[PDB]
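Undergrad: fold the stuff below for me.
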Amino acid sequence: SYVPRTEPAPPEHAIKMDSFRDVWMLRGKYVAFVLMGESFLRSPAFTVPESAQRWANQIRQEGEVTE
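TA: Residues are numbered from 1 along each chain as shown. Next up is the structure itself:
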């Protein structure tokens, strides 16, 4: 489908860093890809990897509304 797989940029295409689940280095920052349904909405990119990871896992399991 639409697949918002962003656009693999030269300075940072889709660097999975070190297997961080849903955290890929985009534009130098850490973006997350995971939606509650079937899409893939990207995060505003955080300077901290775990900050984007947690938000990604929460919006996935709880689907936006955390518990």
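
Undergrad: tell me where this protein has strands.
TA: Taking DSSP state E as the criterion, the chain carries its strands at 23-26, 29-32.

Undergrad: most packed of the ones you listed?
TA: Sort these by mean neighbour count, taking mean count of other CB atoms under 10 Å, and strand 23-26 sits at the top with a mean of 23. All C-beta spots, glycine's among them, are computed from the backbone N, C-alpha and C.

Undergrad: and the strands of the chain: which comes nearest residue 59?
TA: Closest to residue 59 of those, according to CB to CB: strand 29-32, at 8.3 Å.

Undergrad: packing partners of the closest one?
TA: Contact here means 3 or more CB pairs under 8 Å, 6 or more residues apart in numbering; DSSP states H and E; on that basis strand 29-32 packs against strand 23-26, helix 49-61.

Undergrad: kindly format the C-alpha coordinates of the shortest one as PDB.
TA: Written as PDB, here are the backbone C-alpha positions of strand 23-26 (Å, rounded to 0.1, in the frame of the first residue of the first chain):
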ATOM      1  CA  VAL A  23      13.900   2.800  15.500                       C
ATOM      2  CA  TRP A  24      15.700   3.800  12.300                       C
ATOM      3  CA  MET A  25      18.200   6.700  12.000                       C
ATOM      4  CA  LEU A  26      16.600   9.200   9.700                       C
END
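
Undergrad: check what contacts it and list those residues.
TA: Residues from elsewhere that reach strand 23-26 (CB atoms under 8 Å, 6 or more residues apart in numbering): 6, 9, 12, 14-17, 30-33, 42, 45, 49, 52-53, 56.
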